[PDB]
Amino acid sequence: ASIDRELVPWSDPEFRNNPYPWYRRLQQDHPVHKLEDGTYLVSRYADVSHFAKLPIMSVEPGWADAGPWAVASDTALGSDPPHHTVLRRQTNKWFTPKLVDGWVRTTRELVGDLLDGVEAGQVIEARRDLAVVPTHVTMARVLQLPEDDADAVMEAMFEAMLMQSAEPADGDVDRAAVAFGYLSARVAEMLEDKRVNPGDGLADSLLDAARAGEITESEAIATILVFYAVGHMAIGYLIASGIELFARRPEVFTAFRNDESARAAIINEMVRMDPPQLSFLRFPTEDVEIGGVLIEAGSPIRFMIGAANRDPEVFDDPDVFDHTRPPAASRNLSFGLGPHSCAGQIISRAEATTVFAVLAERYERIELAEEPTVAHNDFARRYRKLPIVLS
């Protein structure tokens, strides 16, 4: 209780900015820690790896209770197998590598356009203009939905994410209700337009799957809304994080420039050191013993991704950025694992590669024009602004 505040002060500004020193104590001394409220924190790589992916780990109860976020219950994120596999089939077939090569053409075009527009030495707000809008429009093009709402989409997800903290402030649930009301209204308008003017994008595919009985109508519309809303979000964070990293560690940007074959490794090390999603929940459908601690069926288990990605039992010098870590020790948990591993992962890596590549094509050096403005919490990392100058 006061023990919980010492290990994981979820609301503390310092913990929120950089929890990683606290994660060490957790992982070393309290690897399976039961909080006050009943949630077990699981922070060792081995335990996250082995346990989070088990068939007994249900994703159902938390999202079903999540108020405004219950929309996730009608997607892969909040649905267990067997139906999980069928929801995932609906979108996986849209995001094979060859399909993704074509989708990220949009990413490349928009980045090139932005960069063509600038004057030498001009301050670029990299979070909106190189991260959020390119990825938002990329996904909207795949869906075949209108492309022009990135800014209000991003504000809405900013508001919807507040209640995902382990310690929501008063009113954060209400703010999420407002956010999801907006996204629902926008999706409803866009789908009425699509009934009268159908396309052949991922949104038309999902609607057809619901008409064909493969998924429900609610599941089609919830999947549309989620992919449309989050297309910019965690991927927008990874892009901005990598840009900041290129700026504070220019030898990394130079390596990315000089060595095409290192690119996937560099992006994967960025992803390891700064996951945008710091945990997820699971609800075991039967008792399970982890680290010698018996967790009862139904108890919340919060698997700590960020903490696990610095496990020194797996990663030597875990707080050191090193893109040369060997294949035997370069697997991180930032995209999850098991059947729920991120449904955006192949397009995410390709979008981040595209933006960094365009930058690499045109410049030698990234600098921060001022300190970045961030809005992190215990659950998700987030930039508000990332002013840069390219040379």
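Heads up: residue numbers just count along the shown sequence, starting at 1.
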query	finding
Stretch exceeding the other in mean C-alpha B-factor - 75-83, 269-277	75-83
Greater mean Cα temperature factor according to the PDB record, 50-58 or 347-355	50-58
Residue selected from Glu260, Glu109, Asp129, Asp319 by maximal Cα B factor	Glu260
Highest recorded Cα temperature factor - choice among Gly292, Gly306, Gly102, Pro134	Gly292
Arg362 - which third its CA temperature factor falls in, relative to the rest of the chain	middle
Within-chain third of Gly338 by Cα B-factor, per the entry	middle
Where the record places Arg89 (Cα B-factor, split into thirds across the chain)	highest
CA B-factor placement of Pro312, once the chain's modelled residues are sorted into thirds	middle
Position of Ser43 among the chain's modelled residues by C-alpha B-factor, lowest, middle or highest third	middle
